[PDB]
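**Student:** piece number one of the complex, untouched:
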Amino acid sequence: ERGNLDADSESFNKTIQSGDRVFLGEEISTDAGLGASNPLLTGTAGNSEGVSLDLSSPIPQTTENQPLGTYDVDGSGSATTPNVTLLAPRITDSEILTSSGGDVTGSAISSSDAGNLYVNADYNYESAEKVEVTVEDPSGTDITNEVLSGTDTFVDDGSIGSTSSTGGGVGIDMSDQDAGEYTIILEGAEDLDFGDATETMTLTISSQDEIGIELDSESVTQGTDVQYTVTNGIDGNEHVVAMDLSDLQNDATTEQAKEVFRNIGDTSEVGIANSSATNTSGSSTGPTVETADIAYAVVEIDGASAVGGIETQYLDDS
């Protein structure tokens, strides 16, 4: 069938019936259907008017010399006749989601947690051909057969956000492979693999996997703002950066201590916390500077890393 490709377990179908849609890079079948009953057609209206489409030869790409439109054998017409509408190929969206959920595309993921990944996408060309997935190692070799987990290479239309194998999408168990940069390639099953019909999504595998913290500088004076970055963390989850109140200057006040952490970067909330109660940056309602014991700044992460900042002013020289 065409339009319902999986009803017959066929990877591709190239028999076109009157009224359907045809894409730019297709290779119509001349054996049966509208490939031998009407080989050549002409434009009907608009820019397409007057131009000639030959079904037997591969339809040209580039959308130049073959303007998009509707084609009718007779010429400009409105009566029922063998006609077809040319449309461009496209894949609107693609993503790699962890089993829990959340995108990790273009970002390094721990080897331990990279064991139940999923790939989902939305594409325009579902009536003609499904879209293939090909995982490539940093060396440049097809590793699809090694990481596949019980599902055929074909991914269905829609099914974006599907965290389960029941919905369309392919499951990859990337735990066994070593550290490196891997590229997932999506392209049409047979012919629709040219520009705008293919996408290369990167993914980084690494095993240094403790939640990491780095500073642009280590030796600084008071008052110099320092930006700190958290690395190798789960996306969509909130970490906590702490500050020992012993390091604060003795002569600080309550309002003077709530400005140690800035709201810079991905930080959501800042404040000081006692063992049982907290005093956030919104209001001076919780514990006081002497009453509280820790200073915190809850920080999210977007991607593989998040950035915050500190103010070395009012800090002891140690």
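**Tutor:** Arrived safely, thanks for sending. Residues are numbered from 1 along each chain as shown, chains lettered A, B, ... in the order given.
**Student:** Could you list the buried residues of stretch A:51-63?
**Tutor:** A:53, A:55, A:59, A:61 (16 or more other Cβ atoms under 10 Å). (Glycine included, C-beta is placed from N, CA and C.)
**Student:** Which two among the residues you listed are spaced furthest apart?
**Tutor:** The most widely separated members of the buried residues of stretch A:51-63 are A:55 and A:61, with 15.7 Å between them, by Cβ to Cβ.
**Student:** Okay, and the beta partners of the residue nearest the centre of chain A?
**Tutor:** Centroid check for chain A by Cα atoms, centre = their mean gives residue A:95 as the closest residue, at 3.2 Å. Here residue A:95 sits in beta bridges with residue A:120, going by DSSP bridges.
**Student:** Can you verify my assumption that it contacts residue A:117?
**Tutor:** No - here residue A:95 lies out of contact with residue A:117, judged by Cβ atoms under 8 Å, at a distance of 10.7 Å.
**Student:** before we move on, back to that, quick one: which of the buried residues of stretch A:51-63 is nearest residue A:282?
**Tutor:** For those, the nearest to residue A:282 is residue A:61 (57.7 Å; Cβ to Cβ).
**Student:** what kind of secondary structure is the closest one in?
**Tutor:** Following DSSP: H, G, I helix; E, B strand; the rest coil, residue A:61 is assigned to coil.
**Student:** Same question for residue A:177.
**Tutor:** Quick answer, by three-state DSSP: residue A:177 is coil.
**Student:** ok, now which ones touch it?
**Tutor:** A:137, A:143, A:146, A:147, A:205 (Cβ atoms under 8 Å, 6 or more residues apart in numbering).
**Student:** Inside strands: which ones of those?
**Tutor:** residue A:205 (DSSP state E).
**Student:** wait, doesn't residue A:256 sit right on residue A:311?
**Tutor:** No - under the criterion of Cβ under 8 Å, residue A:256 is not in contact with residue A:311, lying 10.8 Å apart.
**Student:** just to revisit the earlier point, for the residue nearest to the centre of chain A, give me its contacts.
**Tutor:** Going by Cβ under 8 Å, 6+ apart, the list of residues near residue A:95 reads A:103, A:105, A:119, A:120, A:121, A:160.
**Student:** For those, which PyMOL command selects only the ones that are buried?
**Tutor:** To isolate the buried ones among the contacts of residue A:95 in PyMOL, judged by 16+ other Cβ under 10 Å, type:
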select buried, chain A and resi 105+119+120+121+160
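**Student:** Could you export the contacts of residue A:95 as JSON lines, including distance to residue A:288?
**Tutor:** Converted to JSON lines, the contacts of residue A:95 look like this (distance: Cβ to Cβ, whole Å):
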{"residue": "A:103", "distance to residue A:288": "42"}
{"residue": "A:105", "distance to residue A:288": "45"}
{"residue": "A:119", "distance to residue A:288": "52"}
{"residue": "A:120", "distance to residue A:288": "50"}
{"residue": "A:121", "distance to residue A:288": "54"}
{"residue": "A:160", "distance to residue A:288": "50"}
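**Student:** Pick the one among the contacts of residue A:95 closest to residue A:18.
**Tutor:** Nearest to residue A:18 among those, with distances taken as Cβ to Cβ, is residue A:121, at 30.4 Å.
**Student:** Chain B goes on too:
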Amino acid sequence: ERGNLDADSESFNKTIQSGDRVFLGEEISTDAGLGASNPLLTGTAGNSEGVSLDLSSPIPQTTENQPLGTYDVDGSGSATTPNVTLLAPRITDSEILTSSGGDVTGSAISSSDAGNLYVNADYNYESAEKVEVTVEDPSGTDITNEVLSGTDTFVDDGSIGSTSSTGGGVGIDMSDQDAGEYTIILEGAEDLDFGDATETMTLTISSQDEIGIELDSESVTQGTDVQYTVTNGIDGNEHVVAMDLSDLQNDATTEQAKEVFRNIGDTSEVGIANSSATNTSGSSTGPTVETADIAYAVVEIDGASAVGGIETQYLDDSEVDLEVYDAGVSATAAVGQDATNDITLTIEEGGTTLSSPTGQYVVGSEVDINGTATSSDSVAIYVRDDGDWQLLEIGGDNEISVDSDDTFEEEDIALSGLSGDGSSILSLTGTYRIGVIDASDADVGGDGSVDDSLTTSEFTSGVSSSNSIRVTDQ
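**Tutor:** Let me add chain B to what's already shown:
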């Protein structure tokens, strides 16, 4: 004739009759036909409407300033009148096939087998001009007349997949020429030789022609995956890469031997084969590891080369050879036959040492675990004092992963502080020994977890290392 060019043995025809098709780069003939009876025409509908086409002058290329469409002398019209439809030139597909069949374009071919090659193509402009073939040497000279074999230069429409001279296509006997890179150029007979109407197909001639095998590295340790490439082979045929079972480690199991070859690259099937029977990777039905004698991995080739991979883990520390076999041989029947070619690599052992837990340790203090492991995945820490090596319960999974730099580290851990009977030994003041061991234990056979107290023989048998440590009171 036009449309049936070979009915009159004419290479080209430039007399246009009413109703036909004309291409972009043509040069209409003004002597007769619709070249003197109606020299200029105008657009009829669409983008072409209003534009003027002059047949006498060469039709412009670039599809700009001369929009594609139908042209009529009167103007916009639907009545029968001298009219013509402009179309772009194109050649949809081209290939070079061996006499047996199979593409070899863009890939090196043996000089011996390059004696019955064929060139076939599919092009859009068949009514006006045929398409020429011109073979060029690496020096840049037309060698078409030397390699031609009994057929005119003109190749017909269709005839793609034609392995015989009866069908359209040109036969080339490229056996006599020397080694080099040759370019086959296809272009229209007279005028249609510009962009999109011409194609340059490369082809490499070489005489180093034994089936070749290469490795990205020769000196490696255990566990390091190695990618091997097969070179200079017939496309579309399945070779066989073999493995001598003598080189395998003695302590391997049946399931442990079926993972020596990966399914990476062009490999189709992997498995182990006895002289008469085979045990494929699909199921453990055929011979066992002791019963079987060879390990194979049937590999195809796409182009001139194919890539596979091996896993040096569970391999003896010695010279390792790779044997290839001729195309079409069966796995079972290849046990006795000599290998067409071979390649050898050397494998050496790797070291795994500790750095930070050495010399002194204050009892109850916390310290990080710092060290290196060249060929390791999971490592465990054991403590010995005048007897057994008691396992040290580091915590999560009792293992540490190793980075690419062959180095492993752990956060600050109090050895005596942690709960367990292992720490109780370190609680008391004295001199002890501490060592690291790879995941080869794996509960000395069983569940995938390091939970035992390996003795001296068990600890020493596997890859490991120990250093003297003493604990000082606070």
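**Student:** once more on the buried residues of stretch A:51-63, this time with chain B?
**Tutor:** Residues of stretch A:51-63 classed as buried by neighbour count (16 or more other Cβ atoms under 10 Å in any protein chain shown): A:51, A:52, A:53, A:55, A:57, A:58, A:59, A:60, A:61.
**Student:** Residue A:246 belongs to a helix?
**Tutor:** Yes - counting by three-state DSSP, residue A:246 falls inside a helix.
**Student:** and it, how many residues sit next to it?
**Tutor:** Applying other Cβ atoms under 10 Å in any protein chain shown, we find 8 residues neighbouring residue A:246.
**Student:** just the residues of the stretch 51-200 of chain A that are near chain B, which are they?
**Tutor:** With Cβ under 8 Å from any Cβ of the partner chain as the criterion, the stretch 51-200 of chain A comes near chain B at residues A:51-52, A:54, A:57-58, A:60, A:64-65, A:67, A:76, A:111-112, A:139, A:141-143, A:145-146, A:178-179.
**Student:** Using neighbour counts, trim those residues to the buried set.
**Tutor:** For these, buried by 16+ other Cβ under 10 Å: A:51, A:52, A:57, A:58, A:60, A:65, A:67, A:111, A:142, A:143, A:146.
**Student:** So which of these sit within helices?
**Tutor:** Per DSSP state H, helices hold the following members of those: residue A:146.
**Student:** Make JSON lines from the buried ones among the residues of the stretch 51-200 of chain A next to chain B and add distance to residue A:8 to it.
**Tutor:** As requested, these are exported to JSON lines (distance: Cβ to Cβ, whole Å):
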{"residue": "A:51", "distance to residue A:8": "34"}
{"residue": "A:52", "distance to residue A:8": "33"}
{"residue": "A:57", "distance to residue A:8": "27"}
{"residue": "A:58", "distance to residue A:8": "24"}
{"residue": "A:60", "distance to residue A:8": "29"}
{"residue": "A:65", "distance to residue A:8": "35"}
{"residue": "A:67", "distance to residue A:8": "33"}
{"residue": "A:111", "distance to residue A:8": "40"}
{"residue": "A:142", "distance to residue A:8": "27"}
{"residue": "A:143", "distance to residue A:8": "30"}
{"residue": "A:146", "distance to residue A:8": "29"}
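**Student:** nearest to residue A:275, of the buried ones among the residues of the stretch 51-200 of chain A next to chain B?
**Tutor:** Checking those one by one against residue A:275 (Cβ to Cβ), the nearest turns out to be residue A:111, at 36.4 Å.
**Student:** I figured that closest one hits residue A:179, correct?
**Tutor:** Yes - counting by Cβ under 8 Å, residue A:179 is a contact partner of residue A:111 at 7.2 Å.
**Student:** residues bridging contact with the two, i.e. touching both?
**Tutor:** With contacts taken as Cβ atoms under 8 Å, 6 or more residues apart in numbering or on different chains, the residues that reach both residue A:111 and residue A:179 are A:205, A:206, A:207.
**Student:** Show me the subset of those that also lies near chain B.
**Tutor:** residue A:207.
**Student:** Which one of the shared contacts of residue A:111 and residue A:179 is nearest to chain B?
**Tutor:** residue A:207 (5.1 Å; Cβ to the nearest Cβ).
**Student:** residue contacts, the closest one?
**Tutor:** A:110, A:111, A:179, B:401, B:402, B:403, B:404.
**Student:** can you do 7 Å?
**Tutor:** A:111, A:179, B:401, B:403 (Cβ atoms under 7 Å, 6 or more residues apart in numbering or on different chains).
**Student:** And for residue A:184?
**Tutor:** A:119, A:133, A:135, A:201, A:203.
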